[PDB]
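J.: File name upload.csv; file contents CSV, C-alpha atoms and all ligand atoms; full text below.
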chain,number,residue,atom,x,y,z
S,1,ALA,CA,-9.7,-2.6,1.7
S,2,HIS,CA,-8.0,-1.4,4.9
S,3,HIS,CA,-10.3,0.6,7.2
S,4,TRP,CA,-7.6,1.2,9.8
S,5,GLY,CA,-5.8,4.4,10.6
S,6,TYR,CA,-5.2,6.8,13.5
S,7,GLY,CA,-8.4,8.8,13.5
S,8,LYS,CA,-11.2,8.6,16.1
S,9,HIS,CA,-13.3,6.4,13.8
S,10,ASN,CA,-10.6,3.9,12.8
S,11,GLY,CA,-7.7,4.3,15.2
S,12,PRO,CA,-6.0,2.0,17.7
S,13,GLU,CA,-9.1,1.3,19.9
S,14,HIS,CA,-10.9,-0.1,16.8
S,15,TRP,CA,-8.1,-2.2,15.4
S,16,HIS,CA,-9.1,-5.4,17.4
S,17,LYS,CA,-12.2,-5.8,15.3
S,18,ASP,CA,-10.3,-6.7,12.1
S,19,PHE,CA,-7.2,-7.8,14.0
S,20,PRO,CA,-8.1,-9.6,17.2
S,21,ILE,CA,-4.5,-10.1,18.1
S,22,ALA,CA,-4.6,-6.4,19.0
S,23,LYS,CA,-5.6,-7.8,22.5
S,24,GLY,CA,-2.9,-10.4,22.5
S,25,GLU,CA,-0.3,-11.3,25.1
S,26,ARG,CA,2.7,-9.7,23.4
S,27,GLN,CA,1.6,-6.4,21.9
S,28,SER,CA,3.7,-3.4,21.3
S,29,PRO,CA,4.6,-0.7,22.0
S,30,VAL,CA,5.0,-0.8,25.8
S,31,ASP,CA,6.0,1.5,28.5
S,32,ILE,CA,9.6,0.7,29.7
S,33,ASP,CA,9.6,0.9,33.5
S,34,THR,CA,13.3,1.2,34.1
S,35,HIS,CA,13.2,-0.1,37.6
S,36,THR,CA,11.6,-3.4,36.6
S,37,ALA,CA,13.4,-3.8,33.3
S,38,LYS,CA,16.3,-5.6,35.0
S,39,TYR,CA,19.9,-5.7,33.9
S,40,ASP,CA,20.8,-9.0,32.2
S,41,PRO,CA,24.5,-9.7,32.1
S,42,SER,CA,24.0,-12.6,29.7
S,43,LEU,CA,22.9,-10.1,27.0
S,44,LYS,CA,25.7,-9.6,24.4
S,45,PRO,CA,26.5,-6.3,22.7
S,46,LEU,CA,24.5,-5.4,19.6
S,47,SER,CA,26.2,-5.6,16.3
S,48,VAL,CA,24.7,-3.1,13.9
S,49,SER,CA,26.6,-3.4,10.5
S,50,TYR,CA,25.2,-0.8,8.1
S,51,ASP,CA,28.4,0.2,6.3
S,52,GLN,CA,27.2,-1.5,3.0
S,53,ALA,CA,23.5,-0.6,3.4
S,54,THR,CA,21.9,0.0,0.0
S,55,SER,CA,18.9,2.3,0.1
S,56,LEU,CA,16.5,2.2,-2.8
S,57,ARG,CA,13.3,4.3,-2.4
S,58,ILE,CA,11.3,6.5,-0.1
S,59,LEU,CA,7.5,5.9,0.1
S,60,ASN,CA,4.5,7.5,1.7
S,61,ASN,CA,2.3,4.5,2.5
S,62,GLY,CA,-0.6,6.4,4.0
S,63,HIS,CA,0.4,6.0,7.6
S,64,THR,CA,4.1,6.8,7.7
S,65,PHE,CA,7.0,7.1,5.2
S,66,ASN,CA,9.3,4.2,4.7
S,67,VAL,CA,12.9,4.2,3.4
S,68,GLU,CA,13.4,0.8,1.7
S,69,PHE,CA,16.6,-1.1,1.4
S,70,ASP,CA,18.0,-3.9,-0.8
S,71,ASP,CA,17.6,-6.9,1.5
S,72,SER,CA,18.8,-9.5,-1.0
S,73,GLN,CA,22.2,-10.0,0.7
S,74,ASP,CA,23.7,-9.8,4.2
S,75,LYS,CA,24.8,-6.2,3.7
S,76,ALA,CA,23.0,-4.1,6.3
S,77,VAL,CA,22.4,-6.6,9.2
S,78,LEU,CA,21.7,-6.6,12.9
S,79,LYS,CA,23.0,-9.4,15.0
S,80,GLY,CA,24.1,-10.1,18.6
S,81,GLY,CA,22.3,-8.8,21.6
S,82,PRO,CA,19.3,-11.1,22.2
S,83,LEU,CA,19.3,-12.3,18.7
S,84,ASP,CA,20.1,-15.8,17.3
S,85,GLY,CA,21.4,-15.4,13.8
S,86,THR,CA,21.4,-12.6,11.2
S,87,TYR,CA,18.7,-10.1,10.5
S,88,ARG,CA,18.6,-8.1,7.3
S,89,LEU,CA,17.5,-4.4,7.2
S,90,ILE,CA,14.5,-4.1,4.9
S,91,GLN,CA,13.2,-0.6,5.8
S,92,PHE,CA,12.9,2.1,8.3
S,93,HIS,CA,10.1,4.5,9.2
S,94,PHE,CA,9.0,7.0,11.9
S,95,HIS,CA,6.2,7.8,14.2
S,96,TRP,CA,5.6,11.4,15.3
S,97,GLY,CA,3.1,13.7,17.0
S,98,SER,CA,1.1,16.8,16.2
S,99,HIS,CA,3.4,18.7,18.6
S,100,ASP,CA,6.8,18.1,20.1
S,101,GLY,CA,5.4,16.7,23.4
S,102,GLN,CA,4.3,13.4,21.9
S,103,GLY,CA,5.0,11.1,19.0
S,104,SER,CA,7.0,8.2,20.2
S,105,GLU,CA,5.4,4.7,20.5
S,106,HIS,CA,7.5,3.4,23.4
S,107,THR,CA,7.7,5.4,26.5
S,108,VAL,CA,10.4,5.4,29.2
S,109,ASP,CA,8.9,5.7,32.7
S,110,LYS,CA,5.8,7.2,31.0
S,111,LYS,CA,7.9,9.9,29.2
S,112,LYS,CA,7.1,10.4,25.5
S,113,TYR,CA,9.6,11.7,22.9
S,114,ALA,CA,8.7,13.8,19.8
S,115,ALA,CA,9.3,10.9,17.4
S,116,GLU,CA,10.5,7.3,17.2
S,117,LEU,CA,12.5,5.6,14.4
S,118,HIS,CA,12.0,1.9,13.7
S,119,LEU,CA,14.6,0.1,11.7
S,120,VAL,CA,13.0,-3.2,10.6
S,121,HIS,CA,15.0,-6.4,10.0
S,122,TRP,CA,14.1,-9.9,9.2
S,123,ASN,CA,15.7,-13.3,10.1
S,124,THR,CA,17.6,-14.7,7.2
S,125,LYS,CA,16.7,-18.3,8.2
S,126,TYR,CA,13.2,-17.6,6.8
S,127,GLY,CA,14.1,-16.5,3.2
S,128,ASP,CA,12.1,-13.3,2.9
S,129,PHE,CA,10.1,-10.8,5.0
S,130,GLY,CA,6.7,-12.3,4.2
S,131,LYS,CA,7.8,-15.7,5.6
S,132,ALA,CA,9.6,-14.1,8.6
S,133,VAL,CA,6.5,-12.2,9.8
S,134,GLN,CA,4.8,-15.5,10.3
S,135,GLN,CA,7.3,-16.6,13.0
S,136,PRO,CA,7.9,-15.4,16.6
S,137,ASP,CA,11.6,-14.9,15.9
S,138,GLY,CA,11.0,-13.5,12.5
S,139,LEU,CA,11.7,-9.8,13.0
S,140,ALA,CA,14.1,-7.6,14.9
S,141,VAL,CA,13.1,-3.9,15.2
S,142,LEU,CA,15.6,-1.4,16.4
S,143,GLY,CA,13.7,1.5,18.0
S,144,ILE,CA,15.4,4.8,18.5
S,145,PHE,CA,13.9,7.9,20.1
S,146,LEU,CA,14.1,11.3,18.6
S,147,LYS,CA,14.6,14.2,21.1
S,148,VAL,CA,14.1,17.8,20.1
S,149,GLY,CA,17.3,19.8,20.2
S,150,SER,CA,20.1,20.5,17.7
S,151,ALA,CA,19.5,19.7,14.0
S,152,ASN,CA,20.6,16.2,13.1
S,153,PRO,CA,22.7,16.1,9.9
S,154,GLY,CA,22.0,12.3,9.5
S,155,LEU,CA,18.3,13.1,9.1
S,156,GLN,CA,18.6,16.0,6.7
S,157,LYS,CA,18.7,14.0,3.5
S,158,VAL,CA,15.4,12.3,4.5
S,159,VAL,CA,13.7,15.6,5.4
S,160,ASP,CA,14.9,17.2,2.2
S,161,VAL,CA,13.1,14.7,0.0
S,162,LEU,CA,9.8,14.6,1.9
S,163,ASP,CA,8.2,17.3,-0.3
S,164,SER,CA,8.3,14.8,-3.2
S,165,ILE,CA,6.1,12.2,-1.3
S,166,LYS,CA,3.6,14.4,0.3
S,167,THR,CA,0.5,12.2,-0.3
S,168,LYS,CA,-0.3,8.5,0.1
S,169,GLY,CA,1.2,6.3,-2.6
S,170,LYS,CA,3.9,8.7,-3.8
S,171,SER,CA,7.4,7.4,-3.8
S,172,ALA,CA,10.8,8.6,-5.0
S,173,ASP,CA,14.3,7.2,-5.8
S,174,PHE,CA,16.4,7.4,-2.6
S,175,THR,CA,19.8,5.9,-3.1
S,176,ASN,CA,23.0,6.2,-1.1
S,177,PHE,CA,21.4,7.1,2.2
S,178,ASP,CA,23.6,5.9,5.1
S,179,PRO,CA,21.5,4.8,8.1
S,180,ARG,CA,24.7,4.9,10.3
S,181,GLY,CA,23.8,8.6,10.6
S,182,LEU,CA,20.7,7.7,12.6
S,183,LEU,CA,22.5,5.8,15.4
S,184,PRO,CA,23.3,7.4,18.7
S,185,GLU,CA,26.7,7.0,20.3
S,186,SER,CA,25.7,4.3,22.7
S,187,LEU,CA,24.2,1.0,21.7
S,188,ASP,CA,22.9,0.3,25.2
S,189,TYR,CA,19.4,-1.1,24.9
S,190,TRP,CA,16.3,-2.6,26.4
S,191,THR,CA,14.7,-5.7,24.7
S,192,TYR,CA,11.5,-7.6,25.0
S,193,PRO,CA,9.3,-9.8,22.8
S,194,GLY,CA,6.4,-8.0,21.0
S,195,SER,CA,4.6,-7.1,17.9
S,196,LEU,CA,4.2,-4.9,14.9
S,197,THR,CA,2.7,-1.7,16.1
S,198,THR,CA,0.4,-1.4,13.1
S,199,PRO,CA,-2.0,-3.9,11.6
S,200,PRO,CA,-1.6,-6.8,11.2
S,201,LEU,CA,-0.1,-6.5,14.7
S,202,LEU,CA,1.7,-9.9,14.4
S,203,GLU,CA,3.7,-11.0,17.5
S,204,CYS,CA,6.8,-11.7,15.5
S,205,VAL,CA,9.2,-9.0,16.8
S,206,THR,CA,12.2,-9.0,19.1
S,207,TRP,CA,12.2,-5.3,20.1
S,208,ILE,CA,15.5,-3.6,20.8
S,209,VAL,CA,15.0,-0.1,22.0
S,210,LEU,CA,18.1,2.1,22.4
S,211,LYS,CA,18.6,4.0,25.7
S,212,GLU,CA,20.1,7.0,24.0
S,213,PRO,CA,17.9,9.2,21.8
S,214,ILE,CA,19.2,10.9,18.7
S,215,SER,CA,18.6,14.6,18.3
S,216,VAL,CA,16.1,16.3,15.9
S,217,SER,CA,15.5,20.0,15.4
S,218,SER,CA,12.0,21.3,15.8
S,219,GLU,CA,12.2,22.4,12.2
S,220,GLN,CA,13.1,18.9,11.1
S,221,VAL,CA,10.1,17.2,12.9
S,222,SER,CA,7.8,20.0,11.6
S,223,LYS,CA,8.6,18.7,8.1
S,224,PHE,CA,7.4,15.2,9.0
S,225,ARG,CA,4.0,16.9,9.8
S,226,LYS,CA,3.7,18.3,6.3
S,227,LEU,CA,3.1,14.9,4.9
S,228,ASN,CA,-0.5,13.8,4.5
S,229,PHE,CA,-2.4,10.6,5.2
S,230,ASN,CA,-4.6,11.2,2.2
S,231,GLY,CA,-4.0,10.4,-1.5
S,232,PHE,CA,-3.7,13.0,-4.3
S,233,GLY,CA,-7.2,14.4,-5.1
S,234,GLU,CA,-8.7,13.9,-1.6
S,235,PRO,CA,-9.3,16.4,1.2
S,236,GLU,CA,-6.0,17.0,3.0
S,237,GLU,CA,-5.5,15.1,6.3
S,238,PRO,CA,-2.1,16.0,7.9
S,239,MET,CA,0.0,13.0,8.8
S,240,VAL,CA,0.5,13.5,12.5
S,241,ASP,CA,0.0,11.4,15.7
S,242,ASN,CA,0.7,8.2,13.8
S,243,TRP,CA,1.6,6.3,17.0
S,244,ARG,CA,-0.1,3.5,18.8
S,245,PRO,CA,-0.5,4.0,22.6
S,246,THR,CA,1.4,1.7,24.9
S,247,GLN,CA,-0.1,-1.8,25.4
S,248,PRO,CA,-0.2,-4.1,28.5
S,249,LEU,CA,3.1,-5.7,29.3
S,250,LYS,CA,1.2,-8.8,30.7
S,251,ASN,CA,3.7,-11.6,31.6
S,252,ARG,CA,6.7,-10.3,29.6
S,253,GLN,CA,10.1,-9.2,31.0
S,254,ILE,CA,12.0,-6.3,29.6
S,255,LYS,CA,15.7,-6.8,29.9
S,256,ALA,CA,18.3,-4.1,30.0
S,257,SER,CA,21.8,-4.6,28.5
S,258,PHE,CA,23.2,-2.0,31.0
S,259,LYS,CA,22.8,-0.9,34.6
S,260,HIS,CA,20.2,1.8,34.8
S,261,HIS,CA,20.3,4.5,37.5
S,262,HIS,CA,17.2,2.9,39.0
S,263,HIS,CA,19.1,-0.4,39.6
S,264,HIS,CA,20.9,-0.6,42.9
S,265,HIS,CA,22.7,-3.6,41.2
O,1,ZN,ZN,6.9,1.5,13.5
Can I see the file as structure tokens?
T.:
Amino acid sequence: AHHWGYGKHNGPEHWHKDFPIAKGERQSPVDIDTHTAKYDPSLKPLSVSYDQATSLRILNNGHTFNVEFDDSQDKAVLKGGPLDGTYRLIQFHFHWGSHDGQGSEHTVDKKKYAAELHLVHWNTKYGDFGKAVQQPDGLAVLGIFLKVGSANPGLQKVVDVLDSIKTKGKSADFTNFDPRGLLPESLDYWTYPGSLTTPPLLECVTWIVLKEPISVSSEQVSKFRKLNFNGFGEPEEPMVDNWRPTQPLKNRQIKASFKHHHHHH
């Protein structure tokens, strides 16, 4: 069984014992130092085509909630940017804090956001997600920060169903959710090679982290915190602070698709 979680006894500092790649050379998340994450003019615009996305289900898996998609065809796909080929959307999930001052996995010049959205996509050349996660170019994860402010209409359908999946293992039908409602205006981004941010921590991810956050109301993020890590019939453990701290960049380069205000050129 899995021991790992986010507590003091089983959290990120313990993960390397079962998953020694936790101390690897390409671990995520990372701090994005915007001065050293240089503009790369060879980076193409991202193509996020979600108009035909087909959501299926929403699930509390004991460490986040996932919205799952039908990935049997090239409907919802990510391409362009740093990517070679076509990556199919399989699910999205969030990381959030116990309070509005923390929650994101990536940081920008050490700044944390209240939450972070991960849209997970796999490379169609590999046939399915399980095959893709075994390869360095297998996954592309689009990371989007959530900044507390005005309520986000694009998030409300998700928040409204969370009361039906309060405990680990619970799921609910969740059709016709349009993930276009979770995208900011700008598709400017940073990109680097990294890992899954939960066990098994495989170094199979091209990370694409958007510059522009999307909004979330304080009330909306509070509803994330009403979920529980525990299963039905166990003492309640609120699902909060389900984020891994930032990991050493080591020899990697973060590239920017745009000129940041910290770049003279
Ligand atoms: Zn994640």
J.: Which residues sit within 8 Å of ligand ZN 1 (chain O), counting only C-alpha atoms and all ligand atoms, listed as a VMD selection string?
T.: chain S and resid 92 to 95 105 116 to 118 196 to 198 243
J.: Which one of S:157, S:112, S:121, S:211 sits closest to residue S:48 if you count all atoms listed in the file?
T.: S:121
J.: Any idea what's packed within 10 Å of residue S:244, counting only C-alpha atoms, ignoring anything in its chain fewer than 4 positions away? Could you give it as an NGL selection string?
T.: :S and (6 or 11-13 or 28-30 or 95 or 103-106 or 197-198)
J.: I'd like to know which of S:58, S:201, S:1, S:209 is closest to residue S:247, using all atoms listed in the file.
T.: S:201
J.: Which polymer residues have any atom within 8 Å of an atom of stretch 63-77 of chain S, counting all atoms listed in the file, with same-chain residues fewer than 6 positions away left out, as a PyMOL selection string?
T.: chain S and resi 5+48-57+86-95+121+168+174+229+239+242
J.: Residues near residue S:254, anyone? I mean within 8 Å using only C-alpha atoms, not counting same-chain ones fewer than 2 positions away, as number ranges by chain.
T.: S: 32, 36-38, 190-192, 252, 256
J.: Quick one: residues within 8 Å of residue S:45, only C-alpha atoms counted, chain neighbours fewer than 3 positions away excluded, as a PyMOL selection string?
T.: chain S and resi 80-81+187-188+257
J.: Using all atoms listed in the file, pick whichever of S:41, S:62, S:193, S:200 has the shortest atom-to-atom distance to residue S:25.
T.: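 Smallest separation from residue S:25 among the options: S:193.
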J.: So the first atom is atom CA of residue S:34 and the second is atom CA of residue S:20; what is the distance between them in Å, to one decimal place?
T.: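 Taking atom CA of residue S:34 as the start and atom CA of residue S:20 as the end point, the length is 29.3 Å.
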J.: Go through S:33, S:84, S:160, S:100 one by one, measure the shortest atom-to-atom distance of each to residue S:218 using all atoms listed in the file, and give the residue with the smallest value.
T.: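 Nearest candidate to residue S:218 out of S:33, S:84, S:160, S:100: S:100.
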J.: Here is a test: counting only C-alpha atoms, which residue of S:205, S:115, S:183, S:216 is nearest to residue S:101?
T.: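 That would be S:115, the residue with the smallest distance to residue S:101.
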J.: In Å, rounded to a single decimal, give me how far atom CA of residue S:24 is from atom CA of residue S:202.
T.: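 Spanning atom CA of residue S:202 to atom CA of residue S:24 is a straight-line distance of 9.3 Å.
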J.: Between atom CA of residue S:144 and atom CA of residue S:262, what is the distance, to one decimal in Å?
T.: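 Atom CA of residue S:144 sits 20.7 Å away from atom CA of residue S:262.
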J.: For residue S:221, list every protein, DNA or RNA residue within 10 Å, evaluated using all atoms listed in the file, and leave out those in the same chain fewer than 4 positions away; present the list as a PyMOL selection string.
T.: chain S and resi 96-100+114-115+146-148+151+155+159+216-217+225-226
J.: Taking into account all atoms listed in the file, which residue in the set S:60, S:47, S:134, S:195 is nearest to residue S:162?
T.: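 Under the stated criterion, the closest residue is S:60.
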